[PDB]
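**Q** There's a structure below that I have some questions on.
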Amino acid sequence: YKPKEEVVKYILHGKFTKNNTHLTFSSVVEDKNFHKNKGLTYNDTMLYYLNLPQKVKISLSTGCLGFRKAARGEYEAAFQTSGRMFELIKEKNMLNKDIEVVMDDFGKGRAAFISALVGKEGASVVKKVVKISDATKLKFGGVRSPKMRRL
Amino acid sequence: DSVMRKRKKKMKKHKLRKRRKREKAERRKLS
Amino acid sequence: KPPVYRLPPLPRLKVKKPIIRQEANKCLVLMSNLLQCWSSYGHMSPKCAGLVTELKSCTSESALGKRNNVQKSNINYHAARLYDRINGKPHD
Amino acid sequence: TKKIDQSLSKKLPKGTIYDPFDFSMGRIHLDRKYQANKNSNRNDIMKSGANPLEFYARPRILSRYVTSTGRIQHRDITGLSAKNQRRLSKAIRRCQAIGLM
Amino acid sequence: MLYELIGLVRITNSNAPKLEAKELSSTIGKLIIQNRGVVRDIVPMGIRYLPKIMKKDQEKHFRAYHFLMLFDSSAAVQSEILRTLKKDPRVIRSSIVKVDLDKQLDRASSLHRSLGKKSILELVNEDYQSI
Amino acid sequence: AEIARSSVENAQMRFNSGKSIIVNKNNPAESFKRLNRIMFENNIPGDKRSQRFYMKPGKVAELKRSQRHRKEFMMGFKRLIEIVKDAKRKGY
Amino acid sequence: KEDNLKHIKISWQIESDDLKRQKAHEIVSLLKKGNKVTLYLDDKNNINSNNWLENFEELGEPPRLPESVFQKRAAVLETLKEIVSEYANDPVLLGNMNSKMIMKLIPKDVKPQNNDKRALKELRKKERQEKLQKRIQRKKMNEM
RNA sequence: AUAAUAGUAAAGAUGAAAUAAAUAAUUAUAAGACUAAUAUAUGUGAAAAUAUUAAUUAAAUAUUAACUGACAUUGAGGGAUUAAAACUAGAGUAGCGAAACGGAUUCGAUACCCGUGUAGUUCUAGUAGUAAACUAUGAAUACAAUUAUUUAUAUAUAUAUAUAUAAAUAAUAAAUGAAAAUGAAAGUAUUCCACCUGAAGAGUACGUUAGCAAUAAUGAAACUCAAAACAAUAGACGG
Ligand SMILES: [K+]
Ligand SMILES: [K+]
Ligand SMILES: [K+]
Ligand SMILES: [K+]
Ligand SMILES: [K+]
Ligand SMILES: [K+]
Ligand SMILES: [Mg+2]
Ligand SMILES: [Mg+2]
Ligand SMILES: [Mg+2]
Ligand SMILES: [Mg+2]
Ligand SMILES: [Mg+2]
Ligand SMILES: [Mg+2]
Ligand SMILES: [Mg+2]
Ligand SMILES: [Mg+2]
Ligand SMILES: [Mg+2]
Ligand SMILES: [Mg+2]
Ligand SMILES: [Mg+2]
Ligand SMILES: [Mg+2]
Ligand SMILES: [Mg+2]
Ligand SMILES: [Mg+2]
Ligand SMILES: [Mg+2]
Ligand SMILES: [Mg+2]
Ligand SMILES: [Mg+2]
Ligand SMILES: [Mg+2]
Ligand SMILES: [Mg+2]
């Protein structure tokens with residue numbers, strides 16, 4: 001009956017492509033009065049709690065730390081960008097609830113992010129991380145890719 | 001026949017195709 | 001029932017890079033422990049005294065100790081010696 | 001230390017006969033090398049004689065032959081006959097299309 | 001021809017989970033018996049969680065009541081039943097697979113045949129001679 | 001209602017993808033190693049790379065044929081090496 | 001500006017067919033775009049060597065030769081100037097007809113038709129907007 | 001692709017670059033095309049082809065029993081089917097992508113790389129009958145020495161193997177061959193069809209036939225030359 005938005009967990013998503021690394025920190029917000037609403041079916045309640053809304057808090061790329069052009073897709077650019085994210089999560093008091101890490105692709109920044117989170121740079125965030133997962137998107141047939149490059 | 005020998009036929013076919021395209025073009029202007 | 005795969009006749013039976021068991025250096029493991037001992041109890045802590053004494057003796061004359069475990073694999077000698085006998089080739 | 005890793009010690013079953021070699025490291029290594037899932041046949045429905053296509057509405061049994069992501073396992077891993085592998089794959093694909101797997 | 005229908009009905013009311021399934025089985029059963037068809041068996045499979053969230057008629061679902069219906073009908077009637085199931089909002093997923101009767105006239109449901117019971121007589125004779 | 005509140009835990013994990021690991025709060029680097037093993041046992045990195053550029057069906061078929069042969073060839077090679085080792089052990 | 005400058009090879013022994021078919025087209029097309037062009041003339045042996053540009057960096061006068069040689073060499077320069085007449089300004093020849101020479105052509109006055117890329121982007125935007133309009137109609141029919 | 005949401009200032013691309021309230025993230029909607037694992041194209045199909053699911057119709061296996069009683073093989077002409085591209089109409093058009101216009105690279109770059117991307121790629125109804133349409137190997141029958149591995153059928157039991165008879169595949173003996181190799185044929189024989197007679201000219205010219213068209217089929221001669229080609233050998237060289 002009253003909006004009671006509360007954070008349930010945080011999602012640390014990393015997209016590691018060939019030319020850049022994108023790191024997004026989000027909050028899974030849950031209106032704790034949703035079940036108190038009128039005209040709400042058992043299915044709508046279960047469907048609302050199975051995919052809770054998300055709000056973006058921190059969005060970073062390798063170009064936000066001053067890496068330009070070809071340097072954006074390198075191991076060092078990702079390692080420093082991961083550090084800046086782990087710092088901004090502590091400077092915003094967003095290290096109270098559990099964090100779920102979602103990795104998307106297999107570029108050069110995937111192993112830098114993992115190294116920065118299992119090392120000194122991520123000794124605070126790692127303590128809250130509860131689940132790691134992979135979200136690489138594959139196609140079963142799907143659209144035709146571009147032709148092979150003759151180099 | 002080997003690729004080497006096939007290449008001679010390839011050149012002859014290319015020149016015939018090139019000549020027929022050229023003839024076509026003329027017919028269009030002359031038509 | 002387990003599918004047996006039979007090779008065609010081959011010019012050779014050879015392992016490109018035969019694997020060998022290389023025992024770890026005793027002095028390096030001692031150094032890896034002492035370094036860890038200092039990481040927990042602190043540098044020069046009295047708890048790592050024995051480690052320091054052992055490390056000094058291991059490296060006193062040679063920093064890697066008496067390395068006398070060099071080995072080479074004999075699989076390629078036997079493989080070439082026995083291939084004609086065990087390949088199951090039909091008679092001429 | 002009064003403790004040894006389980007991988008470095010062999011536990012001789014009860015009622016079995018042993019030789020002095022059974023206390024050596026060679027036995028440990030030999031048991032690892034020749035460690036195959038041969039007891040699957042007696043626990044493998046698809047290696048018993050049933051038709052795998054009769055299990056297209058039983059996702060729990062079919063989920064034993066797919067990886068964590070649902071990828072059908074190659075015959076080299078399942079150890080099934082050509083016919084059963086062919087029938088099992090059809091069952092899984094039909095199960096996926098029905099909305100059960 | 002003998003056919004095996006597997007339908008995933010929607011569970012709208014958590015209080016009456018097996019309500020739309022009963023209403024649907026009656027609708028399908030009536031079509032079969034009113035068009036020269038025979039209904040051999042109706043095996044409920046219970047409420048199960050769907051492998052994923054599925055959609056139907058601009059609605060989403062996370063669970064469904066599974067049920068099997070072994071029936072005998074003509075090909076034309078079988079297509080009519082499938083068409084009605086593909087249109088009913090209650091049905092989330094429906095599949096009809098033919099059960100070959102070339103070698104024997106009495107075949108049990110795939111679920112039962114998977115358990116070793118090949119005919120309905122074997123199932124009935126295990127409920128009378130031993131029950 | 002609460003019926004839709006107390007049955008969300010299983011429901012949440014009932015629709016799993018199989019690409020998730022529960023982190024070991026003690027050794028968090030062992031959980032990332034487990035996740036990498038899943039990726040390699042489902043060929044996720046390989047499939048992604050193979051989907052970047054289109055390959056003609058004929059070329060795809062050739063590559064699939066050659067790969068199978070190399071896989072089968074290696075199994076036949078290992079079978080022959082095992083025979084060599086067994087023969088050597090018995091003095092042949 | 002180095003992009004505007006395009007280096008070209010015109011050997012002294014070139015045939016007036018290649019000179020008036022390939023080289024003429026190359027020079028004329030480049031000049032029409034607005035790219036500067038420097039034409040380097042030299043003997044076939046040294047002109048086209050690995051040190052194509054490097055040898056010309058090397059740039060007692062060269063001795064005279066049979067007039068036939070200079071009839072060819074001077075004829076080439078006449079053809080070059082006549083070919084590049086309305087497409088560029090007067091040339092700055094820097095060398096001797098008895099040796100290497102660097103003709104330095106410069107594009108003639110040409111206004112900037114830079115408003116072409118504006119149309120390009122506008123057309124792309126128009127197509128995208130038309131696609132959206134079409135997709136709205138699909139959603140409407142689906143709803144209806 | 002669009003919209004919303006918070007959240008920002010770069011993003012995207014490349015060998016490196018540059019051309020054209022975002023990117024990323026979480027939702028919702030729409031559209032077209034495609035079909036991950038299994039998977040070996042194994043198998044099936046005359047070939048071309050054929051691997052997401054179900055159904056309908058058609059065809060396809062082995063053995064046994066009975067029946068017909070040479071009714072067979074091959075096959076000029078003929079007929080049917082036939083990848084991709086292309087073409088004629090009507091739809092569709094996400095992604096890909098000749099061309100075109102741009103950005104780079106380069107001594108130059110009418111290319112390789114990048115962008116925007118039209119035809120085409122998709123479906124329906126047709127035209128056309130061409131591919132390294134290849135196993136570069138027409139079809140059928142009789143026959144000849146072995147092994148291994150699967151598959152199928154059958155038999156037996158001291159119930160899970162064992163013993164048989166076929167098929168397939170792999171490696172071979174003999175034989176054949178210019179050799180490379182073939183291996184149940186490229187062997188020993190028989191029957192029928194197609195095709196070839198130095199290179200180049202030329203699958204061209206002309207004519208004819210067919211097609212909306214692109215084209216497809218048929219298919220020469222003159223002049224010139226003493227060449228031209230295959231397998232294998234030893235070298236030299238290889239970004
Ligand atoms: K095949
Ligand atoms: K007779
Ligand atoms: K006849
Ligand atoms: K004929
Ligand atoms: K299109
Ligand atoms: K024939
Ligand atoms: Mg890079
Ligand atoms: Mg493109
Ligand atoms: Mg020939
Ligand atoms: Mg986006
Ligand atoms: Mg597939
Ligand atoms: Mg085959
Ligand atoms: Mg015939
Ligand atoms: Mg094809
Ligand atoms: Mg059209
Ligand atoms: Mg261009
Ligand atoms: Mg240019
Ligand atoms: Mg392009
Ligand atoms: Mg036709
Ligand atoms: Mg042709
Ligand atoms: Mg032909
Ligand atoms: Mg083909
Ligand atoms: Mg026949
Ligand atoms: Mg012709
Ligand atoms: Mg040769």
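Residues in the structure tokens are named by chain (A, B, ... in the order shown) and by number from 1 within that chain; ligands are numbered from 1 in the order shown.
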As a list in words, which residues of segment 41-146 of chain A does DSSP assign to strand (DSSP E)?

**A**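 After running DSSP on the backbone, segment 41-146 of chain A has strand (DSSP E) at residues 54, 55, 56, 57, 58, 59, 60, 61, 99, 100, 101, 102, 103, 129, 130, 131, 132, 133 and 134 of chain A.
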
**Q** Suppose we keep C-alpha atoms; can you now write the selection as an mmCIF file, in the first residue's frame?

**A**
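Wrote part_1.cif, looks like this:
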```cif
data_model
loop_
_atom_site.group_PDB
_atom_site.id
_atom_site.type_symbol
_atom_site.label_atom_id
_atom_site.label_comp_id
_atom_site.auth_asym_id
_atom_site.auth_seq_id
_atom_site.Cartn_x
_atom_site.Cartn_y
_atom_site.Cartn_z
ATOM 1 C CA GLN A 54 17.469 -3.415 -10.754
ATOM 2 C CA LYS A 55 18.912 0.094 -10.453
ATOM 3 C CA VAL A 56 22.328 1.053 -11.810
ATOM 4 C CA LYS A 57 24.631 2.689 -9.256
ATOM 5 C CA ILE A 58 28.161 2.679 -10.729
ATOM 6 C CA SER A 59 28.970 2.450 -14.447
ATOM 7 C CA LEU A 60 32.623 2.381 -15.496
ATOM 8 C CA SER A 61 34.632 1.726 -18.640
ATOM 9 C CA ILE A 99 27.082 -9.006 -4.022
ATOM 10 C CA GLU A 100 26.582 -11.315 -7.011
ATOM 11 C CA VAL A 101 29.253 -11.124 -9.726
ATOM 12 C CA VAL A 102 28.182 -11.737 -13.338
ATOM 13 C CA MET A 103 30.850 -12.042 -16.041
ATOM 14 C CA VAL A 129 30.512 -11.703 -2.969
ATOM 15 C CA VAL A 130 28.232 -14.718 -2.576
ATOM 16 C CA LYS A 131 27.718 -16.051 -6.127
ATOM 17 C CA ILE A 132 29.761 -15.914 -9.332
ATOM 18 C CA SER A 133 28.243 -16.696 -12.718
ATOM 19 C CA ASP A 134 28.817 -16.472 -16.464
#
```

**Q** Within 12 Å of ligand 5, which residues show up when you count only C-alpha atoms (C1' of nucleotides) and all ligand atoms? List them as a list in words, please.

**A**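 Those within range of ligand 5 are residues 32, 33, 92, 93, 94, 95, 96, 97, 117, 118, 119, 120, 121 and 122 of chain H.
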
**Q** Select the residues contacting ligand 24 at a distance of at most 10 Å, based on only C-alpha atoms (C1' of nucleotides) and all ligand atoms, then format the selection as a PyMOL selection string.

**A** chain H and resi 203-204+215-219

**Q** Write the residues you've just listed into a file as a PDB file, in the first residue's frame, and include N, CA, C and O atoms (P, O5', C5', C4', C3', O3' and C1' of nucleotides) for each of them.

**A**
```
ATOM      1  P     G H 203      38.971 -23.631 -74.806  1.00  0.00           P
ATOM      2  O5'   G H 203      37.815 -24.521 -74.166  1.00  0.00           O
ATOM      3  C5'   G H 203      36.500 -24.004 -73.983  1.00  0.00           C
ATOM      4  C4'   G H 203      35.779 -23.818 -75.296  1.00  0.00           C
ATOM      5  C3'   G H 203      34.346 -23.298 -75.184  1.00  0.00           C
ATOM      6  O3'   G H 203      34.051 -22.462 -76.302  1.00  0.00           O
ATOM      7  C1'   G H 203      34.333 -25.373 -76.284  1.00  0.00           C
ATOM      8  P     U H 204      32.749 -21.522 -76.293  1.00  0.00           P
ATOM      9  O5'   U H 204      33.112 -20.361 -77.316  1.00  0.00           O
ATOM     10  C5'   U H 204      34.147 -19.432 -77.033  1.00  0.00           C
ATOM     11  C4'   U H 204      34.925 -19.087 -78.277  1.00  0.00           C
ATOM     12  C3'   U H 204      34.093 -18.816 -79.518  1.00  0.00           C
ATOM     13  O3'   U H 204      33.574 -17.498 -79.554  1.00  0.00           O
ATOM     14  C1'   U H 204      35.876 -20.277 -80.059  1.00  0.00           C
ATOM     15  P     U H 215      25.427 -13.887 -71.800  1.00  0.00           P
ATOM     16  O5'   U H 215      25.725 -15.161 -70.892  1.00  0.00           O
ATOM     17  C5'   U H 215      25.732 -16.469 -71.441  1.00  0.00           C
ATOM     18  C4'   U H 215      24.580 -17.289 -70.921  1.00  0.00           C
ATOM     19  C3'   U H 215      24.575 -18.751 -71.340  1.00  0.00           C
ATOM     20  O3'   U H 215      25.388 -19.548 -70.496  1.00  0.00           O
ATOM     21  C1'   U H 215      22.427 -17.809 -71.689  1.00  0.00           C
ATOM     22  P     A H 216      26.393 -20.635 -71.114  1.00  0.00           P
ATOM     23  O5'   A H 216      25.459 -21.885 -71.419  1.00  0.00           O
ATOM     24  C5'   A H 216      24.780 -22.553 -70.368  1.00  0.00           C
ATOM     25  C4'   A H 216      23.789 -23.556 -70.899  1.00  0.00           C
ATOM     26  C3'   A H 216      24.300 -24.472 -71.997  1.00  0.00           C
ATOM     27  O3'   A H 216      25.055 -25.561 -71.498  1.00  0.00           O
ATOM     28  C1'   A H 216      22.199 -23.601 -72.620  1.00  0.00           C
ATOM     29  P     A H 217      26.254 -26.175 -72.368  1.00  0.00           P
ATOM     30  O5'   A H 217      25.512 -27.013 -73.497  1.00  0.00           O
ATOM     31  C5'   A H 217      24.615 -28.057 -73.153  1.00  0.00           C
ATOM     32  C4'   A H 217      23.776 -28.477 -74.332  1.00  0.00           C
ATOM     33  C3'   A H 217      24.540 -28.888 -75.579  1.00  0.00           C
ATOM     34  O3'   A H 217      25.030 -30.216 -75.516  1.00  0.00           O
ATOM     35  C1'   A H 217      22.800 -27.409 -76.179  1.00  0.00           C
ATOM     36  P     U H 218      26.500 -30.559 -76.063  1.00  0.00           P
ATOM     37  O5'   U H 218      26.344 -30.479 -77.646  1.00  0.00           O
ATOM     38  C5'   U H 218      25.407 -31.302 -78.323  1.00  0.00           C
ATOM     39  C4'   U H 218      25.124 -30.802 -79.716  1.00  0.00           C
ATOM     40  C3'   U H 218      26.327 -30.658 -80.634  1.00  0.00           C
ATOM     41  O3'   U H 218      26.731 -31.889 -81.204  1.00  0.00           O
ATOM     42  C1'   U H 218      24.961 -28.730 -80.801  1.00  0.00           C
ATOM     43  P     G H 219      28.257 -32.375 -81.081  1.00  0.00           P
ATOM     44  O5'   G H 219      29.075 -31.265 -81.872  1.00  0.00           O
ATOM     45  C5'   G H 219      28.798 -30.987 -83.236  1.00  0.00           C
ATOM     46  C4'   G H 219      29.484 -29.725 -83.688  1.00  0.00           C
ATOM     47  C3'   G H 219      30.970 -29.640 -83.385  1.00  0.00           C
ATOM     48  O3'   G H 219      31.769 -30.350 -84.312  1.00  0.00           O
ATOM     49  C1'   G H 219      29.930 -27.627 -82.740  1.00  0.00           C
TER      50        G H 219
END
```

**Q** Just the helix (DSSP H, G or I) stuff from chain C, please, per backbone DSSP, written as a VMD selection string.

**A** chain C and resid 26 to 41 46 to 59 75 to 86

**Q** Take the residues that were just selected and, keeping N, CA and C atoms, output them as a compact mmCIF listing (two decimals), in the first residue's frame.

**A**
```
# COMPACT_ATOMS: atom_id res chain seq x y z
N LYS C 26 64.96 -28.64 -3.11
CA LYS C 26 64.76 -28.57 -1.66
C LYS C 26 65.01 -27.17 -1.13
N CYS C 27 65.94 -26.42 -1.73
CA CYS C 27 66.23 -25.08 -1.24
C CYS C 27 65.11 -24.12 -1.59
N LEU C 28 64.47 -24.30 -2.75
CA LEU C 28 63.41 -23.39 -3.15
C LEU C 28 62.16 -23.59 -2.30
N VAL C 29 61.84 -24.84 -1.95
CA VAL C 29 60.70 -25.07 -1.08
C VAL C 29 60.97 -24.51 0.31
N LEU C 30 62.21 -24.63 0.79
CA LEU C 30 62.57 -24.03 2.06
C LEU C 30 62.39 -22.52 2.01
N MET C 31 62.80 -21.89 0.90
CA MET C 31 62.64 -20.45 0.77
C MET C 31 61.17 -20.07 0.67
N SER C 32 60.37 -20.90 0.00
CA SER C 32 58.94 -20.60 -0.11
C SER C 32 58.25 -20.70 1.24
N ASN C 33 58.73 -21.58 2.12
CA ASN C 33 58.15 -21.70 3.45
C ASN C 33 58.59 -20.55 4.34
N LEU C 34 59.90 -20.27 4.38
CA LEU C 34 60.40 -19.16 5.17
C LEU C 34 59.70 -17.86 4.78
N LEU C 35 59.57 -17.61 3.48
CA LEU C 35 58.88 -16.41 3.03
C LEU C 35 57.45 -16.37 3.54
N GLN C 36 56.78 -17.53 3.55
CA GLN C 36 55.43 -17.59 4.09
C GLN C 36 55.45 -17.41 5.61
N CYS C 37 56.41 -18.03 6.28
CA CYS C 37 56.51 -17.88 7.73
C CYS C 37 56.64 -16.41 8.12
N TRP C 38 57.42 -15.64 7.36
CA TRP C 38 57.54 -14.22 7.64
C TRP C 38 56.25 -13.47 7.31
N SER C 39 55.45 -13.99 6.37
CA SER C 39 54.22 -13.31 6.00
C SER C 39 53.18 -13.39 7.12
N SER C 40 53.19 -14.46 7.91
CA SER C 40 52.21 -14.63 8.97
C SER C 40 52.75 -14.12 10.30
N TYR C 41 53.83 -14.73 10.79
CA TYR C 41 54.39 -14.37 12.08
C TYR C 41 55.27 -13.13 12.04
N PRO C 46 60.77 -14.94 15.90
CA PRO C 46 61.48 -16.11 16.42
C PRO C 46 60.89 -17.44 15.98
N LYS C 47 59.68 -17.43 15.42
CA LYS C 47 59.04 -18.68 15.01
C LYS C 47 59.68 -19.26 13.76
N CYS C 48 60.32 -18.42 12.94
CA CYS C 48 60.93 -18.86 11.69
C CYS C 48 62.42 -19.13 11.84
N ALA C 49 62.91 -19.21 13.08
CA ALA C 49 64.34 -19.44 13.30
C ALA C 49 64.81 -20.71 12.61
N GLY C 50 64.10 -21.82 12.82
CA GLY C 50 64.51 -23.08 12.21
C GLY C 50 64.53 -23.01 10.70
N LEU C 51 63.53 -22.36 10.11
CA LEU C 51 63.51 -22.18 8.66
C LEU C 51 64.75 -21.45 8.18
N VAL C 52 65.12 -20.37 8.86
CA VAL C 52 66.31 -19.61 8.47
C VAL C 52 67.55 -20.48 8.55
N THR C 53 67.69 -21.25 9.64
CA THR C 53 68.86 -22.10 9.79
C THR C 53 68.92 -23.15 8.69
N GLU C 54 67.78 -23.76 8.37
CA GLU C 54 67.75 -24.79 7.33
C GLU C 54 68.06 -24.19 5.96
N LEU C 55 67.47 -23.03 5.66
CA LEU C 55 67.72 -22.39 4.37
C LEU C 55 69.20 -22.08 4.19
N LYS C 56 69.85 -21.57 5.24
CA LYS C 56 71.26 -21.22 5.13
C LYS C 56 72.10 -22.44 4.78
N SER C 57 71.81 -23.58 5.42
CA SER C 57 72.56 -24.80 5.13
C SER C 57 72.29 -25.30 3.72
N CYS C 58 71.04 -25.23 3.27
CA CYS C 58 70.70 -25.72 1.93
C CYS C 58 71.45 -24.94 0.86
N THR C 59 71.52 -23.62 1.01
CA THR C 59 72.10 -22.74 0.00
C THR C 59 73.55 -22.36 0.30
N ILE C 75 60.96 -43.54 -23.49
CA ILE C 75 59.78 -44.01 -24.21
C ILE C 75 60.05 -44.07 -25.70
N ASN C 76 60.81 -43.11 -26.23
CA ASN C 76 61.06 -43.07 -27.66
C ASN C 76 62.03 -44.16 -28.10
N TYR C 77 62.95 -44.56 -27.24
CA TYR C 77 63.83 -45.68 -27.57
C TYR C 77 63.04 -46.98 -27.64
N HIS C 78 62.20 -47.23 -26.64
CA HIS C 78 61.38 -48.44 -26.64
C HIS C 78 60.30 -48.38 -27.72
N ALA C 79 59.68 -47.21 -27.91
CA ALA C 79 58.63 -47.10 -28.91
C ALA C 79 59.15 -47.45 -30.30
N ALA C 80 60.36 -47.00 -30.64
CA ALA C 80 60.91 -47.30 -31.95
C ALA C 80 61.41 -48.73 -32.03
N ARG C 81 61.83 -49.30 -30.90
CA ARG C 81 62.33 -50.67 -30.88
C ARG C 81 61.20 -51.68 -31.02
N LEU C 82 60.04 -51.39 -30.44
CA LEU C 82 58.94 -52.35 -30.37
C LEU C 82 57.84 -52.10 -31.39
N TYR C 83 57.86 -50.97 -32.10
CA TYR C 83 56.73 -50.61 -32.95
C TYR C 83 56.46 -51.68 -34.00
N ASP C 84 57.51 -52.14 -34.69
CA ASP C 84 57.32 -53.12 -35.75
C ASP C 84 56.75 -54.43 -35.22
N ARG C 85 57.06 -54.78 -33.97
CA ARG C 85 56.56 -56.02 -33.39
C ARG C 85 55.09 -55.93 -32.99
N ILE C 86 54.67 -54.78 -32.45
CA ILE C 86 53.37 -54.68 -31.79
C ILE C 86 52.34 -53.91 -32.61
```

**Q** Would you kindly return, as a PDB file with N, CA and C atoms, in the first residue's frame, each protein, DNA or RNA residue with an atom no farther than 12 Å from any atom of residue 45 of chain G, considering only C-alpha atoms (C1' of nucleotides) and excluding same-chain residues fewer than 6 positions away?

**A**
```pdb
ATOM      1  N   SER G  11      58.223   7.169 -65.171  1.00  0.00           N
ATOM      2  CA  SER G  11      59.549   6.923 -65.710  1.00  0.00           C
ATOM      3  C   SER G  11      59.725   7.636 -67.049  1.00  0.00           C
ATOM      4  N   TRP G  12      60.987   7.909 -67.389  1.00  0.00           N
ATOM      5  CA  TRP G  12      61.279   8.572 -68.655  1.00  0.00           C
ATOM      6  C   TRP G  12      60.942   7.680 -69.844  1.00  0.00           C
ATOM      7  N   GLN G  13      61.001   6.360 -69.665  1.00  0.00           N
ATOM      8  CA  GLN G  13      60.789   5.408 -70.747  1.00  0.00           C
ATOM      9  C   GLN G  13      59.351   4.906 -70.809  1.00  0.00           C
ATOM     10  N   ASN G  51      64.495   1.888 -53.025  1.00  0.00           N
ATOM     11  CA  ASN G  51      64.568   3.295 -52.640  1.00  0.00           C
ATOM     12  C   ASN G  51      63.838   4.129 -53.693  1.00  0.00           C
ATOM     13  N   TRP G  52      62.521   3.939 -53.742  1.00  0.00           N
ATOM     14  CA  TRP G  52      61.702   4.712 -54.665  1.00  0.00           C
ATOM     15  C   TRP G  52      61.739   6.167 -54.219  1.00  0.00           C
ATOM     16  N   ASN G  55      65.621   7.181 -52.838  1.00  0.00           N
ATOM     17  CA  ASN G  55      66.596   7.573 -53.849  1.00  0.00           C
ATOM     18  C   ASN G  55      66.383   9.016 -54.285  1.00  0.00           C
ATOM     19  N   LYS G 100      67.166  13.172 -62.982  1.00  0.00           N
ATOM     20  CA  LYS G 100      65.933  13.135 -62.214  1.00  0.00           C
ATOM     21  C   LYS G 100      65.246  14.496 -62.239  1.00  0.00           C
TER      22      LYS G 100
END
```

**Q** Can you work out which residues from chain A touch chain E at a cut-off of 10 Å (counting only C-alpha atoms) and hand them back as a list in words?

**A**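 Close enough to count are residues 41, 42, 43, 44, 46, 47 and 50 of chain A.
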
**Q** Atoms to include: N, CA and C atoms. Write the selected residues as a compact mmCIF listing (two decimals), in the first residue's frame.

**A**
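What ended up in again.txt:
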```txt
# COMPACT_ATOMS: atom_id res chain seq x y z
N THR A 41 -2.43 -11.35 -7.64
CA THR A 41 -2.56 -12.79 -7.70
C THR A 41 -1.27 -13.47 -7.24
N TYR A 42 -1.40 -14.76 -6.90
CA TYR A 42 -0.24 -15.53 -6.49
C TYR A 42 0.82 -15.57 -7.58
N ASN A 43 0.41 -15.59 -8.85
CA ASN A 43 1.37 -15.62 -9.95
C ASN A 43 2.11 -14.30 -10.06
N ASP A 44 1.38 -13.18 -9.97
CA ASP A 44 2.02 -11.87 -10.07
C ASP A 44 3.01 -11.66 -8.94
N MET A 46 4.70 -14.11 -7.25
CA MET A 46 5.85 -14.96 -7.51
C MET A 46 6.66 -14.46 -8.70
N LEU A 47 5.98 -13.89 -9.71
CA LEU A 47 6.70 -13.37 -10.87
C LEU A 47 7.45 -12.09 -10.54
N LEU A 50 10.70 -13.22 -8.64
CA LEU A 50 11.64 -14.01 -9.42
C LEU A 50 12.50 -13.16 -10.32
```

**Q** What residues in chain A lie within 10 Å of chain H, counting only C-alpha atoms (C1' of nucleotides), written as a VMD selection string?

**A** chain A and resid 11 to 15 19 to 26 28 51 to 64 69 to 70 138 to 147 149 to 151

**Q** When the cut-off is 12 Å and you count only C-alpha atoms (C1' of nucleotides) and all ligand atoms, which residues lie near ligand 16, shown as a PyMOL selection string?

**A** chain H and resi 99-104+109-111+114-115

**Q** So which residues touch residue 96 of chain A within 12 Å, counting only C-alpha atoms (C1' of nucleotides), skipping near sequence neighbours fewer than 4 positions away, as number ranges by chain?

**A** A: 7-10, 27, 89-92, 124-125, 127-129

**Q** Which residues, written as a PyMOL selection string, have at least one atom at most 7 Å from segment 29-39 of chain E, with only C-alpha atoms (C1' of nucleotides) counted and residues fewer than 3 positions away on the same chain left out?

**A** chain E and resi 25-26+70-73

**Q** May I have the selected residues written with N, CA, C and O atoms, as a short mmCIF file (atom, residue, chain, number, x, y, z; two decimals), in the first residue's frame?

**A**
```cif
data_model
loop_
_atom_site.label_atom_id
_atom_site.label_comp_id
_atom_site.auth_asym_id
_atom_site.auth_seq_id
_atom_site.Cartn_x
_atom_site.Cartn_y
_atom_site.Cartn_z
N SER E 25 -9.27 -31.57 -19.20
CA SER E 25 -9.36 -32.99 -19.53
C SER E 25 -10.77 -33.35 -19.97
O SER E 25 -10.96 -34.15 -20.89
N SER E 26 -11.79 -32.77 -19.32
CA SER E 26 -13.16 -33.04 -19.72
C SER E 26 -13.44 -32.50 -21.12
O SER E 26 -14.11 -33.16 -21.93
N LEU E 70 -3.80 -40.60 -22.84
CA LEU E 70 -3.68 -41.58 -23.92
C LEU E 70 -5.06 -41.83 -24.52
O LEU E 70 -5.96 -42.30 -23.82
N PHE E 71 -5.22 -41.51 -25.80
CA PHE E 71 -6.52 -41.63 -26.46
C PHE E 71 -6.35 -42.18 -27.87
O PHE E 71 -5.29 -42.06 -28.48
N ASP E 72 -7.43 -42.79 -28.36
CA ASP E 72 -7.50 -43.34 -29.71
C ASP E 72 -8.49 -42.51 -30.53
O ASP E 72 -9.64 -42.34 -30.11
N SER E 73 -8.04 -42.00 -31.67
CA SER E 73 -8.89 -41.23 -32.55
C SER E 73 -8.32 -41.27 -33.96
O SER E 73 -7.24 -41.83 -34.20
#
```
